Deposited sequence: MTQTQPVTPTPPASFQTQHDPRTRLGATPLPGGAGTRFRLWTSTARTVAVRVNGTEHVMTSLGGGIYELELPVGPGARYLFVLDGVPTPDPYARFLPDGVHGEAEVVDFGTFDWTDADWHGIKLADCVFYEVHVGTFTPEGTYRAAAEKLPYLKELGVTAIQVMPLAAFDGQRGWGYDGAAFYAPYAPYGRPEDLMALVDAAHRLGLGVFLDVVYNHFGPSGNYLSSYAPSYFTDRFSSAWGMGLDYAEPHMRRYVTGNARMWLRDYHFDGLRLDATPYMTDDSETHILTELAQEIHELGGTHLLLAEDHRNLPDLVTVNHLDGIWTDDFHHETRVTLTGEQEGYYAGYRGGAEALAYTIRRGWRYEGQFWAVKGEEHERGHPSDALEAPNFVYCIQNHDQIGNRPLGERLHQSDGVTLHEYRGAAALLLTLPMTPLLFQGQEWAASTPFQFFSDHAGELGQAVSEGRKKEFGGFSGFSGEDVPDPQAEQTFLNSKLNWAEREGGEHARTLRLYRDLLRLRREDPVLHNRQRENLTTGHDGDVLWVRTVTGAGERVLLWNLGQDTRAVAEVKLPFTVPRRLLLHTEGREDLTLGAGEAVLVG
């Protein structure tokens, strides 16, 4: 008996009418005295309905260009479905009923079956478009990933960016392609049996192109701020519906299988029903199998058990792994010792911090909560993602950091891809890509100069505003064909096949997973009715024979996969083996 707050009849923005009657334009404003829509260059006064709601129906169709005129000021539509001239331009009327979907036999994907592959549309291919990305779908299918995780697509200012400066949340970023190009990508993925997930940013709007305050200051509050402006006021129902209507668009109209909510700790809301719970309600009302994941650092199980999200990106595993391999201690890395015994504990507990003091300078508090309620798929683990590469001064990848060998990098992949937690890979990880993933942007005027200045001060650091920084982050596909890149890719293919085929690795219960260590050797054991597997990873500097590892059980005898393809059960420095 939850009832959606959304009715297509009353949808804000421009919505095609039935019977070829045209388009219904609607907006909410708390402050404008005169309100008009300017369609294909001609102004038309809109009808006041009360409650600050204004509406007009005209016989224009999909493809018509428009914006709203508030007290005589031409203002983009925050509910724009497409912005062909960018975030300060006219919107285009879009009809979601015109695309010929062929994915009727696709029925979504369960979290326990996801292996995510994080794509940044702009850098994933030379062209940096959806159409070019769709051409790599057969590669990803054969690689053995099962869900693409796309970085944010909401329109932002400039000709490249990561996506976190999105300002028009309903409008896919025009340089990547038109709406039907996005639909084509999703339909192609579904035809190959791949899920597609979208990163969405409901904690802030970017600095350029967010016109919501021009309509009603009360979308936002001064009670708290975001990175870019005033905080999003989730006590205001129109603000709540801006983001729940957006989530429903992506899932229903673009056929995404799920959403990754950026920075959920910063979605502040003191309402009786928290906005995260209402999002889950609103997406579930669609009657599909869509998932919601939270990017959340609080180690808070209530995201799943109270807000009814499906899982959480949980960085403790990533951080413990990077410190193990590099020894680094700057910033939040100071929260971790690293090492076999540390990694065994973090895996056992799902996350490390369950209420203990977080001693990181400038951040000290009792961090986290007991993870007992969560099951293995609820934790999303990685050793690389956009932030854990791009937030480094030079954007270098894990195998490119000082002191990391390709053998250790290959071992880390084995640990990630045999655990029952839900893994995520970053584009190009699988072939130990040679290119960095740096922070790049393309803001105009003084804002652009401020970004460049802010990056320099925070940490030669590549200028985010420079074209070269974007281009240096482009994937080089040809390199995967040779050398150590090809060797790494063969290993990733082998690991993903094992994950898919091995009956014991199908385990998704923490009850069946144990971990421990002997010196610098980590072991992870899975036991189910199908048998036993043990992953051993030598995190030492020396060679270790499997026979000589002290274990509280009898080690399995059969060598299933060795990360350096050795015939004997011996581990060189940084190497791993799976036995059964």
Inset, instruction - Give the ranges of the deposited sequence, numbered from 1, for which the structure holds no C-alpha coordinates, in sequence order. - result: 1-13, 473-481
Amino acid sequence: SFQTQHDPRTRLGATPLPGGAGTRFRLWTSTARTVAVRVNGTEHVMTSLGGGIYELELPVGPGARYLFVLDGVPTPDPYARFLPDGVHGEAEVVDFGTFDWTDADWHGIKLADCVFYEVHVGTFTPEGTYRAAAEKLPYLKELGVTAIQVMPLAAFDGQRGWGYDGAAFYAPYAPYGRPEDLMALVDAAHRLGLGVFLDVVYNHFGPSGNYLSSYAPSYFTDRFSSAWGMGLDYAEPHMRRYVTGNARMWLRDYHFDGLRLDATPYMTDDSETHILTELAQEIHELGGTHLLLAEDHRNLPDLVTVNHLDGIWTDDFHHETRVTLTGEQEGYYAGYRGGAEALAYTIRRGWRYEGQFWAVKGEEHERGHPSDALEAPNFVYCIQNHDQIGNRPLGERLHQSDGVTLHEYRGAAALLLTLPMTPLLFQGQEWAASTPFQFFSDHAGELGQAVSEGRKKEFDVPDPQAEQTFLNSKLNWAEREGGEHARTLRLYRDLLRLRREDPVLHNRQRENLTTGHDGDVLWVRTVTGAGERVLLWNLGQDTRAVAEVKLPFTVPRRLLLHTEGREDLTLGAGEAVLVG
From here on, numbers count along this sequence of modelled residues.
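We call the rigid core whatever largest set of C-alpha positions still superposes within 1.5 Å between the two forms.
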Inset, instruction - Please work out whether 471-479 or 220-228 has the higher root mean square C-alpha deviation in 8 other deposited structures of this protein relative to the shown form, with the rigid core as fitting region? - result: 220-228
Legend entry - More variable segment, 229-237 or 123-131 [Cα RMS over structures in 8 other deposited structures of this protein, core-superposed]: 229-237
Inset, instruction - Would you tell me which stretch averages the higher CA B-factor in the PDB entry, 169-177 or 400-408? - result: 400-408
Inset, instruction - Would you tell me which stretch averages the higher CA B-factor in the PDB entry, 91-99 or 159-167? - result: 91-99
Inset, instruction - Please work out which residue in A133, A433, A189, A486 has the highest C-alpha B-factor recorded for this crystal structure. - result: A486
Inset, instruction - From the list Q468, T321, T123, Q149, select the residue with the highest C-alpha B factor recorded in the entry. - result: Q468
Inset, instruction - Divide the modelled residues of the chain into thirds by Cα B-factor and specify which third, lowest, middle or highest, holds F440. - result: lowest
Legend entry - For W523, the third of its chain into which the C-alpha B factor falls: middle
Inset, instruction - Can you work out whether the C-alpha temperature factor of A227 puts it in the lowest, middle or highest third of the chain? - result: highest
Inset, instruction - Among all modelled residues of this chain, ranked by Cα B factor, put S473 in the bottom, middle or top third, i.e. lowest, middle or highest. - result: lowest
Inset, instruction - Looking at the entry's B-factor column for C-alpha atoms only, identify whether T29 ranks in the lowest, middle or highest third of its chain. - result: lowest
